[PDB]
Amino acid sequence: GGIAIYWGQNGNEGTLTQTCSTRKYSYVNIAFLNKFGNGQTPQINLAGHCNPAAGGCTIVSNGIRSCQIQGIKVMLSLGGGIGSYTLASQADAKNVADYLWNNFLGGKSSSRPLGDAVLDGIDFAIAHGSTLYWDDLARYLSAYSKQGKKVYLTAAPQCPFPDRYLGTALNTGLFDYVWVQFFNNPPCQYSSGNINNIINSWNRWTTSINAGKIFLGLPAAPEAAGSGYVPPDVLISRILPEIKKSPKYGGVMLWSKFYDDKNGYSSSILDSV
Ligand SMILES: CC(=O)N[C@@H]1[C@@H](O)[C@H](O[C@@H]2O[C@H](CO)[C@@H](O[C@@H]3O[C@H](CO)[C@@H](O[C@@H]4O[C@H](CO)[C@@H](O)[C@H](O)[C@H]4NC(C)=O)[C@H](O)[C@H]3NC(C)=O)[C@H](O)[C@H]2NC(C)=O)[C@@H](CO)O[C@H]1O
């Protein structure tokens, strides 16, 4: 399989161009568009990388195309752990979809936050707020594919199945890639000497949802999360041999680029994924 990486939440993790030139990642999620819905003007947060005002982040388009010519798919991640994002109604879902289409996808806008580059898809990292209308947002976005260029749909649900916020949306069967986050969740993450909970959870996910491929989401370093870190050796000799047997296995997802560099996680597991 391949490795999916989240980029954008630490200005010291390097440019998007550097990230893709490592040749270690197959998918890159730009985190995060953490503010939208309920009448709010959508706002993207890329930590210290750039300030979106006055097109301060339009420079990212260079990184996006650079990744894409290498065959790497780039998605804009909605939500994240911090933000006042939500959907107040079905109409709100439509408004946000149209916004995303004109500002990040194949539409037209005179103020595209990240530039004129056209992203491959939208990533759903909804962790709190409203539990409604996310399935509508998925449908409206998916409908734009009929205009020519496919809009990829990906999701990053928490490992407890079913997911309180993305369960309905994932049931639509419209998602291409799903990277389940097997961390910050005691009942389905790794615990020293115990891989039972994570394997049990994996089998539930790979047999319960209709998606293209499912990825094992993990923290790239002990500091990347409150709990759930899996040493590279344990992943390679105990977890991967089991989960790779599933025909739905797509690879591994890591949070995040910044911590991957410090811990050299992807460098240690790349050939085994
Ligand atoms: C897919 C998913 O759901 N992932 C979860 C992660 O979101 C979560 O990791 C934490 O994510 C939040 C964002 O949601 C992130 O917060 C960011 O923190 C950085 C560093 O402090 C801030 O960057 C600064 O921003 C200011 C102004 O914006 C700049 O002036 C300053 O220069 C920046 N500093 C640096 C060093 O760049 C961001 O502003 C802030 N983002 C937001 C939206 O407020 C946390 O840092 C992430 N925590 C960790 C440990 O990475 C993860 C937690 O384990 O869980 C995932 O599931």
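All values below were derived from every heavy atom in this structure, side-chain atoms included, with hydrogens, water molecules and symmetry-related copies excluded. As the structure lists them, so they are numbered: ligands from 1, and atoms in each ligand from 1. We number each residue from 1, following the sequence as shown.
Atom 21 (O) of ligand 1 is never approached by the protein to below 4.0 angstrom, counting heavy atoms only. At a distance under 4.0 Å, a protein heavy atom can be found next to atom 1 (C) of ligand 1. Less than 4.0 angstrom separates atom 26 (C) of ligand 1 from none of the non-hydrogen atoms of the protein. Of the protein's heavy atoms, none falls inside 4.0 Å of atom 46 (O) of ligand 1. Inside a 4.0 Å radius of atom 30 (O) of ligand 1 there is not any protein heavy atom.
The shortest N/O to N/O separation between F32 and ligand 1 does not fall below 3.5 Å. Distances between N or O atoms of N184 and those of ligand 1 include at least one value under 3.5 Å. Backbone and side-chain nitrogen or oxygen atoms of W255 are examined, and one is located within less than 3.5 angstrom of a nitrogen or oxygen of ligand 1. Taking any N or O of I82, backbone or side chain, at least one lies under 3.5 Å from an N or O belonging to ligand 1. Looking at ligand 1, you'll find an N or O of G11 within less than 3.5 Å of one of its N or O atoms. In terms of N/O distances under 3.5 Å, ligand 1 is not approached by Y6.
Between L78 and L100, some side-chain heavy-atom pair lies under the 4.5 Å cut-off. The shortest distance between side-chain heavy atoms of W7 and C20 does not fall below 4.5 Å.
Against a heavy-atom cut-off of under 4.0 Å, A125 is close to the following atoms of ligand 1: 1 (C). Counting the atoms of ligand 1 from 1 in the order shown, those under 4.0 Å from a heavy atom of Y259 are 50 (C), 51 (O). Close contacts between ligand 1 and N34 involve ligand atoms 43 (C) [criterion: under 4.0 Å to a heavy atom]. Atoms of ligand 1 lying under 4.0 Å from at least one heavy atom of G48, given by number and element, are 32 (O), 33 (C), 37 (O). In the vicinity of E223, heavy-atom distances shorter than 4.0 Å reach the ligand 1 atoms 50 (C). Those atoms of ligand 1 with a heavy atom of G81 less than 4.0 angstrom away are 7 (O), 14 (O).
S109 and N102 are not linked by any side-chain donor-acceptor pair at a separation below 3.5 angstrom, with hydrogens and angles left out of the test. Side-chain contact, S266 with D260: a donor N or O sits under 3.5 Å from an acceptor N or O.
Residue contacts with ligand 1, taken as heavy atom pairs separated by less than 4.0 Å, involve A224 solely via the backbone atoms N, CA, C and O. With a heavy-atom cut-off of 4.0 Å, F258 does not touch ligand 1 at all.
Heavy-atom neighbours of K248 NZ from other residues, nucleotides or ligands within 6.0 Å: above the threshold of 12. The number of heavy atoms from other shown groups lying within 6.0 Å of CZ (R204) does not exceed 12. Within 6.0 Å of CG in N194 there are more than 12 heavy atoms belonging to other residues, nucleotides or ligands.
When the salt bridge (charged side-chain N to carboxylate O under 4.0 Å, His left out) test is applied to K245, the partners found at least two apart in sequence or on another chain are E242.
With respect to atom 23 (O) of ligand 1, the closest heavy atom belonging to the protein is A47 CB, 3.5 Å. Annotation: atom 39 (O) of ligand 1 to nearest protein heavy atom, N45 ND2, 3.5 Å.
With values rounded to the nearest 0.5 angstrom, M75 atom CE is found 9.5 Å from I30 atom CD1.
Cation-pi check for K213 over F215 is not met; the charged atom does not lie both under 6.0 angstrom from the ring centroid and within 45 degrees of its normal.
Classification of the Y85-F36 ring pair by plane angle, with boundaries at 30° and 60°, yields parallel.
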Please tabulate, for side-chain N and O atoms in residues 133-144, each donor-acceptor pair with protein atoms closer than 3.5 Å (sequence neighbours left out).
unit_1, atom_1, unit_2, atom_2, d
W134, NE1, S130, O, 2.7
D135, OD2, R139, NH1, 3.2
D136, OD1, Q90, NE2, 3.2
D136, OD1, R139, NH1, 3.4
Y144, OH, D98, OD1, 2.6

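When the heavy atoms of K35, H49, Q9, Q181 are ranked by distance to atom 40 (C) of ligand 1, first place goes to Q9.
Residue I214 forms a side-chain contact (heavy atoms from CB on, under 4.5 Å) with just one option from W179, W202, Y177, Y249, and that option is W202.
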